[PDB]
> 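Sharing a structure with you now.
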Amino acid sequence: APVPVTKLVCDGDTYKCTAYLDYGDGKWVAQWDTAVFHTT
Amino acid sequence: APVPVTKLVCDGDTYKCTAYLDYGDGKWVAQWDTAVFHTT
Amino acid sequence: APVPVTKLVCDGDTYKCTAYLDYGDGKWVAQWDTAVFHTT
Ligand SMILES: CC(=O)N[C@@H]1[C@@H](O)[C@H](O[C@@H]2O[C@H](CO)[C@@H](O)[C@H](O)[C@H]2NC(C)=O)[C@@H](CO[C@@H]2O[C@@H](C)[C@@H](O)[C@@H](O)[C@@H]2O)O[C@H]1O
Ligand SMILES: CC(=O)N[C@@H]1[C@@H](O)[C@H](O[C@@H]2O[C@H](CO)[C@@H](O)[C@H](O)[C@H]2NC(C)=O)[C@@H](CO[C@@H]2O[C@@H](C)[C@@H](O)[C@@H](O)[C@@H]2O)O[C@H]1O
Ligand SMILES: CC(=O)N[C@@H]1[C@@H](O)[C@H](O[C@@H]2O[C@H](CO)[C@@H](O)[C@H](O)[C@H]2NC(C)=O)[C@@H](CO[C@@H]2O[C@@H](C)[C@@H](O)[C@@H](O)[C@@H]2O)O[C@H]1O
């Protein structure tokens with residue numbers, strides 16, 4: 001079932017975003033692969 | 001065109017995040033595949 | 001290093017979600033492919 005995200009962080013060394021979830025014992029995360037780049 | 005996300009939720013049964021969007025009639029969502037796991 | 005997401009926007013022409021990152025000059029983003037659709 002859907003649960004809120006407590007915070008989003010991204011890492012430009014590992015190219016992953018991590019969502020810390022409000023669920024259960026508090027130690028669950030969602031993680032996915034991302035492009036990370038500088039824009040103009 | 002990029003539109004704000006009003007709400008982000010993640011679901012460890014379907015392994016999807018859903019972003020609720022601020023656009024038009026208010027019923028648009030984004031959805032992507034994610035890993036969901038416990039940490040120590 | 002993990003850095004916080006300032007804000008999240010999604011685009012239903014490019015089918016990309018963009019996370020604006022709190023880092024350096026403020027022009028860094030994380031981007032990933034997404035479904036975008038209308039709900040009922
Ligand atoms: C002078 C300096 O340190 N400039 C920074 C860049 O090094 C850095 O780019 C990353 O550099 C590492 C080290 O070689 C590479 O392995 C990465 O692939 C580079 N990442 C990208 C996306 O180009 C950039 C970006 O910083 C990275 O991403 C940020 C969002 C943040 O997570 C940082 O912690 C991370 O190092 O920053 C320049 O200022
Ligand atoms: C006893 C109990 O209900 N324990 C929970 C686990 O079942 C659950 O892990 C999921 O279990 C389902 C069905 O048993 C598996 O098909 C899934 O693959 C499991 N998901 C994961 C990520 O391992 C966990 C996690 O709960 C899930 O993810 C949460 C973030 C939330 O979205 C839940 O609604 C979702 O069911 O929780 C245990 O406590
Ligand atoms: C009359 C009108 O302009 N209606 C809008 C639709 O055009 C639009 O659906 C997109 O339509 C383009 C071509 O017009 C297609 O190539 C895309 O595949 C369609 N996208 C989707 C997801 O169906 C919709 C949705 O608008 C898009 O996504 C939004 C969330 C936002 O990012 C918009 O800037 C973007 O155009 O909106 C109708 O009103």
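FYI, side chains are in, hydrogens and waters are out, and symmetry mates aren't considered; it's all heavy atoms of this structure. Each chain gets a letter, A, B and so on, in the order the sequences are listed, and its residues count up from 1.
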> Would you confirm whether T34(C), through its side chain, and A30(B), through its main-chain N or O, come within 3.5 Å as a donor-acceptor pair?
no

> Sort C10(C) into side chain, backbone, both or neither according to what part of it lies under 4.5 angstrom from a heavy atom of chain B.
both

> If you define the side chain from C-beta out and look only at heavy atoms, does anything of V29(B) sit under 4.5 Å from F37(C)?
yes

> At a 4.5 Å cut-off on heavy atoms, which part of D25(B) comes close to chain C: side chain, backbone, both, or neither?
side chain

> Answer yes or no: is there a side-chain heavy-atom contact under 4.5 Å between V3(B) and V9(C)?
no

> Measure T40(C) against the heavy atoms of chain B and call it side chain, backbone, both or neither at under 4.5 Å.
backbone

> Give, for atom CH2 of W28(B) and atom OG1 of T39(C), the distance between the pair rounded to the nearest 0.5 Å.
9.0 Å

> Taking C-beta and beyond as the side chain, do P2(B) and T18(C) meet within less than 4.5 Å on heavy atoms?
no

> Show the nearest heavy-atom pair for residues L8(C) and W32(B), with the distance to one decimal.
CD2-CH2, 4.4 Å

